[PDB]
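A.B. asks: Experimental coordinates follow, after the sequence.
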Amino acid sequence: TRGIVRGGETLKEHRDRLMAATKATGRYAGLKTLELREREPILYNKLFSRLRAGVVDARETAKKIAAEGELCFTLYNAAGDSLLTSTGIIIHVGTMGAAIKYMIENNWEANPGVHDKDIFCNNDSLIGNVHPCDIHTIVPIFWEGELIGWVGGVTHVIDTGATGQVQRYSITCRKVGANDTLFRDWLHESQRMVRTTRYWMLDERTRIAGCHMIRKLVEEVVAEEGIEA
Amino acid sequence: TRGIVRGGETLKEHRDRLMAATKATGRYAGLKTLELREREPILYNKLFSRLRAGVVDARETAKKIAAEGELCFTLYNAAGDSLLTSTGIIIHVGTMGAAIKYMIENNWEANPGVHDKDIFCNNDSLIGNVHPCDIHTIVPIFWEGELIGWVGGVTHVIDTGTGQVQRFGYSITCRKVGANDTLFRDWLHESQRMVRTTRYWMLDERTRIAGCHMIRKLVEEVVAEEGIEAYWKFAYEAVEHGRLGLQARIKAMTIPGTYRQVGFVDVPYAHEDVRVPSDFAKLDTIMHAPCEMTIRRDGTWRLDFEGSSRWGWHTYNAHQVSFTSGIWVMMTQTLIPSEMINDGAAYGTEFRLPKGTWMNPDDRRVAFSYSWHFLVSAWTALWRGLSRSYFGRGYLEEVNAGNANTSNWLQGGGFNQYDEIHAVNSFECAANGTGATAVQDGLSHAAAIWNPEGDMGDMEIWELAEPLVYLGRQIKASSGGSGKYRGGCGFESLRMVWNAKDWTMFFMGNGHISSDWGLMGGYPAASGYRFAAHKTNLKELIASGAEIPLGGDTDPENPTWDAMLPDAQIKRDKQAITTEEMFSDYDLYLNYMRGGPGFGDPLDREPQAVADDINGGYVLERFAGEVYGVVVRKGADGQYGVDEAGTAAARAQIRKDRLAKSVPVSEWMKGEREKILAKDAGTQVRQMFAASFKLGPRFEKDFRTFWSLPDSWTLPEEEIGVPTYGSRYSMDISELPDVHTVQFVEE
Amino acid sequence: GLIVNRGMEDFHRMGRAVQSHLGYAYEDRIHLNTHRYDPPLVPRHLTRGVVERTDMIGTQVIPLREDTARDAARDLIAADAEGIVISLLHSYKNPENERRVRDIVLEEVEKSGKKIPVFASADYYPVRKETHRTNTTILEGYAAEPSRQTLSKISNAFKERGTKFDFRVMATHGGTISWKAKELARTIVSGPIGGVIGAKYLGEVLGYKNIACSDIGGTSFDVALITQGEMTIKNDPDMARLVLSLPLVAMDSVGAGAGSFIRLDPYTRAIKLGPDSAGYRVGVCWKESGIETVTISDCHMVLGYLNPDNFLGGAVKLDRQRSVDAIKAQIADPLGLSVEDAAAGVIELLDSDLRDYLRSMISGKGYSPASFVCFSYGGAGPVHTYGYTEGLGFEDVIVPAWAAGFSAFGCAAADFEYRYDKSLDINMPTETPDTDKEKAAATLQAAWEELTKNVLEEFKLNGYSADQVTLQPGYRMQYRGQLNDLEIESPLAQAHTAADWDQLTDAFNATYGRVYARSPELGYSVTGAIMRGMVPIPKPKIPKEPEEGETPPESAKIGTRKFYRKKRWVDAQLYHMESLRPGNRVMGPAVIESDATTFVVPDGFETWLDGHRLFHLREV
Amino acid sequence: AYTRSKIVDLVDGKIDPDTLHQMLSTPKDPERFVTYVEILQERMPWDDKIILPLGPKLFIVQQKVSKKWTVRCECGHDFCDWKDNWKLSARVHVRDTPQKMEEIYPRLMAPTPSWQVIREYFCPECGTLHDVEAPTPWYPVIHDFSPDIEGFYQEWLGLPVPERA
Ligand SMILES: Nc1ncnc2c1ncn2[C@@H]1O[C@H](COP(=O)(O)O)[C@@H](O)[C@H]1O
Ligand SMILES: [Mn+2]
Ligand SMILES: [Mn+2]
Ligand SMILES: [Zn+2]
């Protein structure tokens, strides 16, 4: 299966299919019936209740890496569509989802490539973001070598830069880490966008910690309740 | 081997060793002898010749992607030291060298790692760079798995991203933008948002990577034919060679001793036409760049800038890397005009840039977008210092009073005659006047300090790039510094806005102060001023056959254009720096390029040279008698001629008038001292001194001693009545953790 | 005299600033105090201005004020101007104003009764860049007629000794013209561009499409490339420290010839060649010449490449011992080398400089030397051919038997061809309606017609009618945004339809791919139209002898000489070049001598002579 | 080396361009200084040995009798000891008003006296302008050059140092 998405589809082939089914049927992904919800209700309510709780857990746990509320985490499917969102202000569900759909449409799969344990960062103005200082961390979730979803973590950094501005710091879905390790040139380069180093560094450690917690959550849920479900 | 450098040293173990040997011996890498050069002269000469020739070929071949500028390429050894630089402006040899030395001192080797076929990009503000838009591409060179050097390529992108005052208005810190000779897509998409037009940034990246990879192959072929053993010696002997070359030139052309000079330039940010958003930034300030030059018997020399002024809320500050790296574009024009120029010269020169000054701010808020304004104003004084050595030794041909301020930078923005974004400006300030020589006049409209190959450009080419039309292009009368030999005159061009939409323009250059000085009797070049006309009603004036402004502003004390434009809003003043201002079709913009300083007593100038200057438009008739003492008479053919007898009497009369109106320096001093004690001077003067004292204790002591001032007298900046934000509270770079900057300078 | 736009009277005398440092070596270019302005062609007191402005697309922003043109004309006439040049901005696009001033000047000249020629730049060099154009147009009103007198005498000197023909002169674009042509600024070329025309001439005969020319003289090293039968033209060159508007055959100078001086830097001890040369005076081996600094020729003496007794057939008495003495003191002893290793070392550096420049020059065009043949000519060419061709992999290395006069042979091989150029600015998307393609063809066609008039008028004054002239239309086209160095020979004599335009675009995509990564998507631009007109003339006939045995006649052997190379002294067999027969082979070490040339063939090399009397150098 | 007459023309600014280009582009002649000072010595109205020129008409001289080194004007006026700044013993004219400025510059092209001032330092005897400073108000008088004559003659020129008192 060449495409990284589960089944062999590429990210764009996958979303393109789902979007064509949505436009045609008036129902997301062309789902005229919800087999899992109707035939396995308990298991269906269990996945949501458990994922929702595990996501909330990641947000509140990571929150203890400073001392905000704009902090928030979201779980996406492979196509960049929100399934669940942690406690917090939900302005950034679409902005981060748009960052995911940007990587899908602009062939991030071939370059710089989307691999397991990769760390992405984004705040791009042209992709769309509420504030220039609201920084996104996006991690892909894999299962048995195939991509099954994304995690997005956002924080409002208080000490960035830029007066009486009249016209337009841009991070365009940059791969800032691999093997769950951040690149030094990215860390040094980021400490020049900010006035004080503390807030930027703890916020990134917070976002990543929460993303990885949600990644482990999915891996654990999938393992216990099966990837089919 | 463990480390990636040839031999098994890490990049830092390797450099630290060379730097330790450089300190203990005074010779780069502790090379008391250059075995390759001495034992194998031909192979050594051939290594430079081929490498120099291949580095130039890369620059010219890669250049062929246009529709030359700051374009340049440099070959470095493993420690980040330059060996050879291509044709072009060499101000970036040290900036890119610093970028390599930054990766070395911050363990890039471990993360993100330095591998063959990697591509690094950089323009960092804190590492050191002349302009934010000057983008570096750096490629490592490997031989049989081990690193043996680096390649650097730089361009000046012309369409990247009003009234900046703080740095927080782009930055690339040695980012790994590619691997396996292939650029990363996230970098391509991200860097095209850092720019208003895509075409210029994209081609420039191709060019840099092309030249780099050519030079990379160029080294791999040289090392293959001549062997790695030979090249490895050359990559360190060539640097120690450059040091010896500079030392030999000093001992041969100059004189040992101490030379003292200073330079100034204005920053008039109090004027309403300087629309800066920060109110603490709106004040008049003056740049203070004193320099004590020490040339030593052993051929070493020292440039100490003790006493300089503090950095300010503006874009004219500089970096210690930017100051020292760029000072050699000037030095290679007089002392060391050599194609062997490399970092060896740097190791033969001592720089002291006091921490906190405008040339070494050590504060992260500082902006440096237009460093040239200060740099060209501070470097010119060094011409005069060196010239004293040339003059005393007898090499008068090398004497030069100094470089003109590279000013009026015509800048415009909006939509051009093609209904497209403006990107290319004229850039006529590449041809300013040059300083006078001890032998002959200076060259008019001929060069800039950062490029002696001055090119003015064709009017017909600029009108294809700008929505402007030339109504005049003329030599700037009386812009050259008066003297026995006249400083080179600038020139001027009158622009009319034509087929521009959403158009804006601003002026950029020295105004109240002439940065350059004349030498040994010569006078400074003319200072700058602004002329612009809005709502001119020129369309109706042209149609009706009325008087229309043409040519240049011959005599701004008696202008002829203003009366021709009665309905116009005319701005004519000394405000040579403004922020973006709205312009529209049929408005006027005078682009005035500065002249160079003069040399010698003006009334020693041969009278026929004065008459030739009036007829040639280099000097307004008025000053022929007042400045030079020459009596000229208009003839039948309209040309001016010399009145031999009348001149002799005028020269003899001026000499008596000089002795009459003059005063003994002892007398004048006590009068100036009363003004100092009463603190009688503009705020800009007091702020300059107050800030210069705090950063330069040795300067304050000399000032107090010279003027015999009591300790009771103090000049606290906080009591002048102007904003002083940033004078006592700072944002050091030491606050940033995990960041190790390298010191090329005493402070 | 000179009439330009009012308010811009100075742009000529300002020399665009660049003219203060044209023709300088690198170290002089950066050494500011070396810069110097030559006096302007036209002084300020003979320059006047008319009130007028036409923008880049021909729009008249400021209509011409004709009374300012009459006063300007009257002033220059009153100053007794022996010629009036007119150059207004963008007159190449809309010459209406410039040609009206022209008519006004002509009128005021008539009224005066004085003979004063008038030169409108739009009538002579209608191309962009006012400094290039005005300089070139001034040469017509400044140096043309005086040079006719100069060459009338040269042609007369030959007539009164036998010649029964009119001499032709070389022009920048590679073609030859009459010495009394309407535009003689094109004869300002003095370099050896003939060598490139000669090599291209031989190429057509021998089927060599890719030639790398190397003219090694006593005063210059010159190189150039003929790629796919066509040579490169530089359209805005600089000559005589003047920016000009003349199509010039492109050559690259690499040094100052075999007469280049050899010095050691006083600060660096680096071996430095040139930039100045002894030229005619050979070197210090010529006692009577007064040269005191060693030259590359002196190195050839020490190394035994040149014959002391046979320099120019023995007209120059050279003493090798002087070369041995001067190289010992100036180069060898300071470097701790022997006199032989020093001389050998210099030649080694020079060979690598030439080698690198040819390799990179070929590589810059997108080729490898394996696709190219190298022509090594000039008096000193055959002396280094082995050196700067080693291991490059040229398909073939050739040394013409007439190498010493190959450049002059090329001037004879050039066509009797006039050329005229005009600037254009056609902008065309890939996909447009035939209406826009018809207008594009009309613009280019109208230019071809105005140029044809100039070409044919040049020939009529030479006695040739239009039916005798072969016209070759041309144009400079490129993909929008991508500059190139190509000139396209139009496949059509004229163009009118939208299908004729597509034929011109395809003609470019064909030549482009034939020389080289195309980008037809961005569209096309036409920045200039070209018109060339040729008349048949007698060209030098190529020898075509039957080849004989491969052993040279014993009478061709003329002794032996020892030369030093690879740290070894070697006994070389001397041969008399013109005694060698086609088919003959010569094994190295050997030195094939002529009266004005020396072809060195060290051991490890071999050369054979063909029926065309061309030597082929191989590496065995 | 260059002919003495050629160096004379350099001193007078009558040198031709070809030789002037040679001097700039070719190795410097070490004998320049000795020839240079000898030419200047031959045109002084006094016979005190020049040891270093400081300007077209300003030199450090060896007083014939006392052997003390002093700064001296071409007309013969002694300013001070060679270690001291000659300007402190000269006469000055400061252009600190627009009126003064506009005598040497056109208006608008003239520096603004409240930012920059022109200091004209003259010889008290002949009224020769030996140097012009262009600093800010209050700025000290500049001591332009402190030559190391001993090391210059001895280490570089290979000459004996003149006698000094
Ligand atoms: N027999 C020869 N006679 C005269 N010059 C020669 C001879 N052989 C080689 N030359 C070289 O050819 C140069 C002149 O070539 P050219 O400038 O083309 O006339 C001389 O300076 C020598 O380097
Ligand atoms: Mn926010
Ligand atoms: Mn730049
Ligand atoms: Zn005096």
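C.D. replies: Sure thing, it's come through. Numbering: from 1, shown residues only, chains lettered A, B, ... in the order given. Ligands and ions are numbered 1, 2, ... in the order given.

A.B. asks: what residues are up against residue B:27?
C.D. replies: B:240, B:243 (CB atoms under 8 Å, 6 or more residues apart in numbering or on different chains). For every residue, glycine as well, the C-beta is placed using N, CA and C.

A.B. asks: quick one: it and chain D, what's the gap?
C.D. replies: Residue B:27 sits 20 Å away from chain D, going by CB to the nearest CB, to the nearest Å.

A.B. asks: Doesn't residue B:546 belong to a helix?
C.D. replies: No: assessed with DSSP: H, G, I helix; E, B strand; the rest coil, residue B:546 is coil; it does not lie in a helix.

A.B. asks: neighbours around it, how many?
C.D. replies: Burial of residue B:546 is recorded as 12 neighbouring residues (other CB atoms under 10 Å in any protein chain shown).

A.B. asks: Quick check: residues of chain D near chain C?
C.D. replies: D:17, D:21, D:24-25, D:27-28 (CB under 8 Å from any CB of the partner chain).

A.B. asks: try it again with 10 Å
C.D. replies: For chain D, the residues found near chain C under the criterion CB under 10 Å from any CB of the partner chain are D:17, D:20-28, D:30.

A.B. asks: Mind listing what's buried along the helix or strand encompassing residue C:406?
C.D. replies: According to DSSP states H and E, residue C:406 maps onto helix C:406-413. By neighbour count on 16 or more other CB atoms under 10 Å in any protein chain shown, the buried set for helix C:406-413 is C:406-407, C:409-413.

A.B. asks: what do you get for stretch B:541-559?
C.D. replies: B:541-542, B:548-556, B:559.

A.B. asks: now the helix holding residue C:406, how far from the centre of its chain.
C.D. replies: Mean-position distance between helix C:406-413 and its chain equals 13 Å (CA atoms, centre = their mean, to the nearest Å).

A.B. asks: what does it contact?
C.D. replies: With CB atoms under 10 Å, 6 or more residues apart in numbering or on different chains as the test, helix C:406-413 has contacts from C:168-170, C:174, C:176, C:191-202, C:204-205, C:213, C:215, C:217, C:222, C:375-379, C:381, C:399-400, C:402-403, C:405, C:537-540, C:542, C:597.

A.B. asks: For residue C:72, what are phi and psi?
C.D. replies: With angles defined as degrees, to the nearest 10, residue C:72 sits at phi -60, psi -50.

A.B. asks: cool, and residue B:83?
C.D. replies: Dihedral angles for residue B:83 - degrees, to the nearest 10 - are phi -110, psi -50.

A.B. asks: ok, now which ones touch it?
C.D. replies: B:47-48, B:51-52, B:55, B:74-77, B:149, B:234-239, B:241-242, B:340, B:342-344.

A.B. asks: Check residue B:539 too.
C.D. replies: Counted by CB under 10 Å, 6+ apart, residue B:539 has contacts B:585-586, C:61.

A.B. asks: Please report how far the nearest residue to residue D:154 once chain neighbours are set aside lies from chain B.
C.D. replies: Leaving aside its chain neighbours, residue D:154 sits nearest to residue D:161 (5.7 Å; criterion: CB to CB, 6 or more residues apart in numbering or on different chains). Distance of residue D:161 to chain B, computed by CB to the nearest CB: 13 Å.

A.B. asks: Residue D:161 contacts residue D:49, doesn't it?
C.D. replies: No: applying CB atoms under 10 Å as the test, residue D:161 and residue D:49 come out as separate, 11.9 Å apart.

A.B. asks: With neighbour numbers in mind, choose between the two.
C.D. replies: Remark: of residue D:161 and residue D:49, residue D:49 carries more neighbours, 17 against 13, as counted by other CB under 10 Å.

A.B. asks: partner residues bridging the more buried one?
C.D. replies: residue D:62 (DSSP bridges).

A.B. asks: Correct me if wrong: it contacts residue D:41.
C.D. replies: Yes: under the criterion of CB under 10 Å, residue D:49 is in contact with residue D:41, at a separation of 7.2 Å.

A.B. asks: what about the nearest residue to residue B:535 once chain neighbours are set aside, neighbour count?
C.D. replies: Residue nearest to residue B:535 in three dimensions, not counting chain neighbours: residue B:569, with 5.2 Å by CB to CB, 6+ apart. Number of residues near residue B:569 (other CB under 10 Å) recorded here: 11.

A.B. asks: Over to residue A:143?
C.D. replies: 15.

A.B. asks: Spit out the contact partners of the residue nearest to residue C:595 when sequence neighbours are not counted.
C.D. replies: Closest residue in space to residue C:595, ignoring its immediate chain neighbours: residue C:313 at 3.8 Å, by CB to CB, 6+ apart. Neighbouring residues of residue C:313 by CB under 10 Å, 6+ apart: C:594-596.

A.B. asks: For the closest residue to chain D within chain C, which residues are in contact?
C.D. replies: Going by CB to the nearest CB, chain D is nearest to residue C:266 of chain C, at 4.4 Å. Going by CB under 10 Å, 6+ apart, residue C:266 touches B:245, B:248-249, B:252, D:26-28, D:30.

A.B. asks: Need the residues you listed in TSV (columns: neighbour count, distance to residue B:611 and secondary structure).
C.D. replies: As requested, the contacts of residue C:266 are exported to TSV (neighbours: other CB atoms under 10 Å in any protein chain shown; distance: CB to CB, whole Å; DSSP: H, G, I helix; E, B strand; the rest coil):
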residue	neighbour count	distance to residue B:611	secondary structure
B:245	24	45	helix
B:248	18	44	helix
B:249	22	40	helix
B:252	18	39	helix
D:26	12	35	coil
D:27	12	38	coil
D:28	19	35	coil
D:30	14	40	coil
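
A.B. asks: Which stretches in the stretch 1-150 of chain B count as strands?
C.D. replies: Secondary structure of the stretch 1-150 of chain B (DSSP state E, counting those that start in this stretch): strands located at B:72-77, B:82-85, B:119-122, B:134-143, B:146-156.

A.B. asks: Make a markdown table out of these and add distance to residue B:334.
C.D. replies: Shown next, in a markdown table, are the strands of the stretch 1-150 of chain B (distance: least, CB to CB, whole Å):
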| stretch | distance to residue B:334 |
| --- | --- |
| strand B:72-77 | 20 |
| strand B:82-85 | 18 |
| strand B:119-122 | 31 |
| strand B:134-143 | 25 |
| strand B:146-156 | 24 |
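
A.B. asks: winner for burial among those strands?
C.D. replies: strand B:72-77 (a mean of 27; mean count of other CB atoms under 10 Å in any protein chain shown).

A.B. asks: most centrally placed residue in the chain?
C.D. replies: You didn't pick a chain, so chain A it is. By CA atoms, centre = their mean, chain A has its centre lying nearest to residue A:152, at 2.5 Å.

A.B. asks: that's the wrong chain, I wanted chain D
C.D. replies: Chain D, centroid-nearest residue using CA atoms, centre = their mean: residue D:55 at 1.6 Å.

A.B. asks: Just give the number of residues close to the nearest residue to it once chain neighbours are set aside.
C.D. replies: Among residues not flanking residue D:55 along the chain, residue B:520 sits closest, at 4.1 Å (CB to CB, 6+ apart). With neighbours defined by other CB under 10 Å, the count for residue B:520 comes to 28.

A.B. asks: go on, residue C:565?
C.D. replies: With other CB under 10 Å as criterion, residue C:565 counts 23.

A.B. asks: Name the nearest residue to it, sequence neighbours excluded.
C.D. replies: Residue C:565 sits nearest to residue C:602 (CB to CB, 6+ apart), 5.4 Å away.

A.B. asks: Quick check: phi and psi at that neighbour.
C.D. replies: Dihedral angles (degrees, to the nearest 10) for residue C:602: phi -70, psi 160.

A.B. asks: Hmm, residue C:284 and residue C:325 touching each other?
C.D. replies: Yes: assessed by CB under 10 Å, residue C:325 is found in contact with residue C:284 at 8.3 Å.
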